[PDB]
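Novice:
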Amino acid sequence: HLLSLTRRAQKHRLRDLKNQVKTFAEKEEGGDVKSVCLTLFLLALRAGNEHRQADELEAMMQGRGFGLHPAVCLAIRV
DNA sequence: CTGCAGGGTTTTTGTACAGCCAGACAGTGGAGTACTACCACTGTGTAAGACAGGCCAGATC
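Residue numbers (PDB author numbering): 414 to 491.
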């Protein structure tokens, strides 16, 4: 399987689709491969009704808050 | 049928020029921020000690 292998064999196996995404992203988005594979990951996770992992991902990619503002904290407290 | 070994065969795996930058190491001067135990206060449960009164023994009615 692809998930247990090292990065050498993973990239060796996937280089075809890696350069496919490379050329398609330089075609459409103008030098943005990272956001292209991000939108691909989001669509592949939402098609399977696993919205939770997509929400965690979006909370990692410039996520609003690791920690909370003291205000809403006091709110929850009371 | 079986076990075993040259090579295949595809995958995996590390070593390989070659340049780049994230991430860390020291320390400074002490703030300071997070933590941990007082602390003032009574509500709730607890169980030792009153105790009384009921009962038997002493002695009586």
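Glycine included, each C-beta is placed from N, C-alpha and C at the ideal position.
Quick test of your reading: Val-434 and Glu-442, contact by CB under 8 Å. State the CB separation rounded to the nearest angstrom.
Specialist: Actually they are not in contact, since the Cβ atoms of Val-434 and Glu-442 sit about 10 Å apart, beyond 8 Å.
Novice: Measuring only the C-alpha atoms, how far is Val-491 from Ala-484?
Specialist: So the two alpha carbons sit approximately 11 Å from each other.
Novice: For the candidate residues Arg-421, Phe-454 and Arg-477, whose alpha-carbon lies nearest to that of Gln-466?
Specialist: Closest by alpha carbon: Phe-454.
Novice: What is the DSSP secondary structure of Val-449, reduced to helix, strand or coil?
Specialist: In the structure shown, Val-449 sits in a helix (DSSP, three-state: H, G or I).
Novice: How is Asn-432 classed by DSSP in three states: helix, strand or coil?
Specialist: Reduced to three states, the DSSP call for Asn-432 is helix.
Novice: Kindly indicate which three-state DSSP category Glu-442 falls into: helix, strand or coil?
Specialist: Looking at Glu-442 - three-state DSSP - the assignment turns out to be coil, as it is neither helix nor strand.
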